[PDB]
file structure-v5.pdb (PDB, N, CA, C and O atoms)
ATOM      1  N   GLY U   1     -12.765   3.284 -12.887  1.00  0.00           N
ATOM      2  CA  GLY U   1     -12.825   4.715 -13.298  1.00  0.00           C
ATOM      3  C   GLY U   1     -13.224   5.572 -12.102  1.00  0.00           C
ATOM      4  O   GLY U   1     -12.768   5.342 -10.982  1.00  0.00           O
ATOM      5  N   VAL U   2     -14.078   6.561 -12.347  1.00  0.00           N
ATOM      6  CA  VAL U   2     -14.532   7.446 -11.280  1.00  0.00           C
ATOM      7  C   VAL U   2     -15.364   6.676 -10.261  1.00  0.00           C
ATOM      8  O   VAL U   2     -15.306   6.952  -9.062  1.00  0.00           O
ATOM      9  N   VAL U   3     -16.139   5.710 -10.744  1.00  0.00           N
ATOM     10  CA  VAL U   3     -16.980   4.908  -9.864  1.00  0.00           C
ATOM     11  C   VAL U   3     -16.141   4.253  -8.771  1.00  0.00           C
ATOM     12  O   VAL U   3     -16.431   4.392  -7.584  1.00  0.00           O
ATOM     13  N   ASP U   4     -15.099   3.538  -9.181  1.00  0.00           N
ATOM     14  CA  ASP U   4     -14.227   2.867  -8.225  1.00  0.00           C
ATOM     15  C   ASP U   4     -13.586   3.883  -7.286  1.00  0.00           C
ATOM     16  O   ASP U   4     -13.623   3.729  -6.065  1.00  0.00           O
ATOM     17  N   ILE U   5     -12.998   4.920  -7.868  1.00  0.00           N
ATOM     18  CA  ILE U   5     -12.345   5.960  -7.084  1.00  0.00           C
ATOM     19  C   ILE U   5     -13.285   6.514  -6.017  1.00  0.00           C
ATOM     20  O   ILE U   5     -12.841   6.956  -4.957  1.00  0.00           O
ATOM     21  N   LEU U   6     -14.585   6.490  -6.299  1.00  0.00           N
ATOM     22  CA  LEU U   6     -15.568   6.996  -5.350  1.00  0.00           C
ATOM     23  C   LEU U   6     -15.469   6.239  -4.027  1.00  0.00           C
ATOM     24  O   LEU U   6     -15.762   6.785  -2.964  1.00  0.00           O
ATOM     25  N   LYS U   7     -15.053   4.978  -4.102  1.00  0.00           N
ATOM     26  CA  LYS U   7     -14.919   4.155  -2.907  1.00  0.00           C
ATOM     27  C   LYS U   7     -13.819   4.703  -2.007  1.00  0.00           C
ATOM     28  O   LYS U   7     -13.963   4.756  -0.786  1.00  0.00           O
ATOM     29  N   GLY U   8     -12.723   5.109  -2.629  1.00  0.00           N
ATOM     30  CA  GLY U   8     -11.590   5.656  -1.893  1.00  0.00           C
ATOM     31  C   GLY U   8     -11.974   6.953  -1.190  1.00  0.00           C
ATOM     32  O   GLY U   8     -11.390   7.314  -0.169  1.00  0.00           O
ATOM     33  N   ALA U   9     -12.962   7.651  -1.743  1.00  0.00           N
ATOM     34  CA  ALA U   9     -13.416   8.907  -1.161  1.00  0.00           C
ATOM     35  C   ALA U   9     -13.934   8.683   0.256  1.00  0.00           C
ATOM     36  O   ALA U   9     -13.506   9.352   1.196  1.00  0.00           O
ATOM     37  N   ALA U  10     -14.853   7.734   0.402  1.00  0.00           N
ATOM     38  CA  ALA U  10     -15.416   7.431   1.712  1.00  0.00           C
ATOM     39  C   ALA U  10     -14.305   7.118   2.708  1.00  0.00           C
ATOM     40  O   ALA U  10     -14.405   7.446   3.890  1.00  0.00           O
ATOM     41  N   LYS U  11     -13.245   6.485   2.218  1.00  0.00           N
ATOM     42  CA  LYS U  11     -12.117   6.132   3.071  1.00  0.00           C
ATOM     43  C   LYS U  11     -11.296   7.375   3.407  1.00  0.00           C
ATOM     44  O   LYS U  11     -10.787   7.513   4.520  1.00  0.00           O
ATOM     45  N   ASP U  12     -11.172   8.276   2.438  1.00  0.00           N
ATOM     46  CA  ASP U  12     -10.410   9.503   2.640  1.00  0.00           C
ATOM     47  C   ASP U  12     -11.154  10.450   3.577  1.00  0.00           C
ATOM     48  O   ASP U  12     -10.612  10.886   4.593  1.00  0.00           O
ATOM     49  N   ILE U  13     -12.401  10.762   3.234  1.00  0.00           N
ATOM     50  CA  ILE U  13     -13.205  11.656   4.059  1.00  0.00           C
ATOM     51  C   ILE U  13     -13.342  11.087   5.469  1.00  0.00           C
ATOM     52  O   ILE U  13     -13.137  11.793   6.456  1.00  0.00           O
ATOM     53  N   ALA U  14     -13.685   9.806   5.554  1.00  0.00           N
ATOM     54  CA  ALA U  14     -13.841   9.152   6.848  1.00  0.00           C
ATOM     55  C   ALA U  14     -12.494   9.057   7.556  1.00  0.00           C
ATOM     56  O   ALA U  14     -12.380   9.372   8.740  1.00  0.00           O
ATOM     57  N   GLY U  15     -11.475   8.625   6.820  1.00  0.00           N
ATOM     58  CA  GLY U  15     -10.138   8.495   7.386  1.00  0.00           C
ATOM     59  C   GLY U  15      -9.630   9.846   7.876  1.00  0.00           C
ATOM     60  O   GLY U  15      -8.796   9.916   8.779  1.00  0.00           O
ATOM     61  N   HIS U  16     -10.139  10.917   7.276  1.00  0.00           N
ATOM     62  CA  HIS U  16      -9.731  12.262   7.661  1.00  0.00           C
ATOM     63  C   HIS U  16     -10.058  12.520   9.128  1.00  0.00           C
ATOM     64  O   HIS U  16      -9.293  13.167   9.842  1.00  0.00           O
ATOM     65  N   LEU U  17     -11.201  12.005   9.571  1.00  0.00           N
ATOM     66  CA  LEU U  17     -11.619  12.183  10.958  1.00  0.00           C
ATOM     67  C   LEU U  17     -10.503  11.750  11.903  1.00  0.00           C
ATOM     68  O   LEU U  17     -10.215  12.426  12.890  1.00  0.00           O
ATOM     69  N   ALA U  18      -9.879  10.619  11.590  1.00  0.00           N
ATOM     70  CA  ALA U  18      -8.794  10.105  12.417  1.00  0.00           C
ATOM     71  C   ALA U  18      -7.633  11.093  12.447  1.00  0.00           C
ATOM     72  O   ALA U  18      -7.061  11.362  13.502  1.00  0.00           O
ATOM     73  N   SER U  19      -7.294  11.633  11.280  1.00  0.00           N
ATOM     74  CA  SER U  19      -6.201  12.593  11.185  1.00  0.00           C
ATOM     75  C   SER U  19      -6.489  13.818  12.047  1.00  0.00           C
ATOM     76  O   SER U  19      -5.585  14.381  12.664  1.00  0.00           O
ATOM     77  N   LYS U  20      -7.754  14.223  12.087  1.00  0.00           N
ATOM     78  CA  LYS U  20      -8.149  15.382  12.880  1.00  0.00           C
ATOM     79  C   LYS U  20      -7.766  15.179  14.344  1.00  0.00           C
ATOM     80  O   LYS U  20      -7.353  16.118  15.023  1.00  0.00           O
ATOM     81  N   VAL U  21      -7.904  13.946  14.819  1.00  0.00           N
ATOM     82  CA  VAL U  21      -7.567  13.631  16.202  1.00  0.00           C
ATOM     83  C   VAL U  21      -6.061  13.725  16.418  1.00  0.00           C
ATOM     84  O   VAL U  21      -5.602  14.128  17.487  1.00  0.00           O
ATOM     85  N   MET U  22      -5.297  13.350  15.397  1.00  0.00           N
ATOM     86  CA  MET U  22      -3.843  13.394  15.488  1.00  0.00           C
ATOM     87  C   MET U  22      -3.364  14.825  15.726  1.00  0.00           C
ATOM     88  O   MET U  22      -2.532  15.074  16.599  1.00  0.00           O
ATOM     89  N   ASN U  23      -3.895  15.759  14.943  1.00  0.00           N
ATOM     90  CA  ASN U  23      -3.517  17.157  15.074  1.00  0.00           C
ATOM     91  C   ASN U  23      -3.873  17.682  16.463  1.00  0.00           C
ATOM     92  O   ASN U  23      -3.197  18.561  16.997  1.00  0.00           O
ATOM     93  N   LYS U  24      -4.938  17.135  17.040  1.00  0.00           N
ATOM     94  CA  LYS U  24      -5.377  17.553  18.366  1.00  0.00           C
ATOM     95  C   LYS U  24      -4.465  16.975  19.444  1.00  0.00           C
ATOM     96  O   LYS U  24      -3.898  17.711  20.250  1.00  0.00           O
ATOM     97  N   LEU U  25      -4.332  15.653  19.450  1.00  0.00           N
ATOM     98  CA  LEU U  25      -3.488  14.983  20.435  1.00  0.00           C
ATOM     99  C   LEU U  25      -2.977  13.655  19.886  1.00  0.00           C
ATOM    100  O   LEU U  25      -2.016  13.091  20.409  1.00  0.00           O
TER     101      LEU U  25
END

call {"tool": "encode", "arguments": {"input": "structure-v5.pdb", "output": "structure tokens"}}
result
Amino acid sequence: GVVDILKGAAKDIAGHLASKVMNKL
């Protein structure tokens, strides 16, 4: 449920950092 999905959040928010670098270079 929401509990499990919460795990994907850390991956999304954290994974977002990587995407930020892509937009830069």

call {"tool": "atom_distance", "arguments": {"input": "structure-v5.pdb", "atom1": "atom O of residue 7 in chain U", "atom2": "CA of residue 25 in chain U"}}
result
25.8 Å

call {"tool": "atom_distance", "arguments": {"input": "structure-v5.pdb", "atom1": "CA of residue 3 in chain U", "atom2": "CA of residue 19 in chain U"}}
result
24.9 Å

call {"tool": "atom_distance", "arguments": {"input": "structure-v5.pdb", "atom1": "CA of residue 2 in chain U", "atom2": "CA of residue 17 in chain U"}}
result
22.9 Å
